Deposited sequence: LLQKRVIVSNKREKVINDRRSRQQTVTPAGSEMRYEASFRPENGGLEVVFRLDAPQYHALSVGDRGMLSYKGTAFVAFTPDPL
């Protein structure tokens, strides 16, 4: 259950067998990929930097800088 300041590296929407969402966070080098559902995914903005809350590979939250 940690927190780390990162930037929203990138976001990928992918179709499988249906929709898979992934967001990458990078330290203000080294991306970390988190799986998200759509609502959580559309809430993020590639480029924003802020606080990422996480437990292992489980995304808990990302609060962009005020």
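- The deposited chain is incompletely modelled, with C-alpha atoms absent over 18 to 31, 43 to 44, 83.
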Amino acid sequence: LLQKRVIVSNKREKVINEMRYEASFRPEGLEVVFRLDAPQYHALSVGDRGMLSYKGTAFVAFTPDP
From here on, numbers count along this sequence of modelled residues.
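- Comparing the listed residues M19, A43, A58, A23, the entry records the largest Cα B-factor for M19.
- Looking at the C-alpha B-factors along this chain, the one for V33 belongs to the middle third.
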